[PDB]
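So here's one chain in two forms, each on its own in structure tokens, numbered structure 1 and structure 2.
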Structure 1
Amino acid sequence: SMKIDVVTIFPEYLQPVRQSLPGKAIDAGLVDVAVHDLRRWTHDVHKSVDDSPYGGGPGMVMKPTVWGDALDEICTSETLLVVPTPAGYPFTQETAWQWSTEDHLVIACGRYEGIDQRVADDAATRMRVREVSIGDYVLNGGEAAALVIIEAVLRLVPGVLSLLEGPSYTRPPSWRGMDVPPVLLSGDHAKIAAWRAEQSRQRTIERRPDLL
């Protein structure tokens, strides 16, 4: 049973997640994903969520007072607050496994230059906070990262949704001049396992030498 709350100024971006969820898992009370428009917690008629950065620089910073009110309402002491950020700790499969047994994830999606740091720092005094990055590239905001995190985590929750994997093949045995490796059709399953292991070793050397 996991609850995920996502807070964002672009609620529509999280539409795929809602679609990804099988009815059986929702009906069994195994998972609930709710998406919240950050502007519900704005203070002014202009529904302001950002303001100029102290110390100067380009871009804007999301307002602490708005985020503070949102997280005050949504989070409890048991919440794991997830904050995507290009400056975060790396989100890995190990992370996904750890988070898959949490009762309550709240994902705070920023835009612009990010969220005033006091939001996370204040929250960390009353709950667990994790600033994470999904990879070494730059996005426009946290929403695509939330999609990735939600999928990676929920597929590890029962019935909700190292070396590199080698190539896979299926029918037909010959296609556009290319035959499936004959070893795979040999019925020698110890040999097939060794062939697959060597394919994986070769691919890891070529594509991810860092893993070795």
Structure 2
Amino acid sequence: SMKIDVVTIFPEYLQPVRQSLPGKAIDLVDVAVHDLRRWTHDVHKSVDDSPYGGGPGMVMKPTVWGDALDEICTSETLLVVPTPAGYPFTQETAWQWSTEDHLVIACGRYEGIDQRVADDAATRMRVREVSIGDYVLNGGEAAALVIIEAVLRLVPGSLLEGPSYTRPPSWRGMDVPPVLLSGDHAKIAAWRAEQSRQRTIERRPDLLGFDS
């Protein structure tokens, strides 16, 4: 079943852990992590350089990424490039990728990878540039972990959730809502619906088609 390759200059940060949702799956999926510097040939193992046209920071070189993806990818590969400028990664995306035979995730710095890498790959395989949110990360590594977790839990083998409770029924003078103790499946369903409504309207009005 599914193969996931992750390419990064911080392979220890990805390093698959038994005691993980992904770790259990590994013990249905195979996850391999590759050090990008493996495909460098200068003594300094240089993966980036200053941007053409100017600007702050560095851009990852196309040469190294090309050699790396040449080796790892096939025409059947779905190449995932986490980036702040990507299409939104959503739950629909997770379901779609959950049926893929082979995901390769290219982790780069925020400033990004030379655009020609994605352009070149697209001539040979499917390429998806995606953002997991509008906060700013220093690199794609944490995004890769999020994507893997969201995808792996869907592999064979709307409205916000309201508040949940468990035992004891009273705790620090705070009681569980009595309807939840009443065993009335209908009243419980109605209460839960109303709680989710209040919470969605308050926290995520966008989900119900309202202004933010």
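Throughout, residue numbering runs from 1 along the sequence of structure 1. Heads up, when I say rigid core I mean the largest set of C-alphas that superpose within 1.5 Å between the two forms.
With the core held fixed, the Cα of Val17 is displaced between structure 1 and structure 2 by 2 Å or more. After superposition on the rigid core, the Cα atom of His43 is displaced by 2.1 Å between structure 1 and structure 2. Core-aligned Cα shift between structure 1 and structure 2 at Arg111: this is 1.4 Å. The two forms, fitted on their core, place the C-alpha of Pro173 0.4 Å apart, compared between structure 1 and structure 2.
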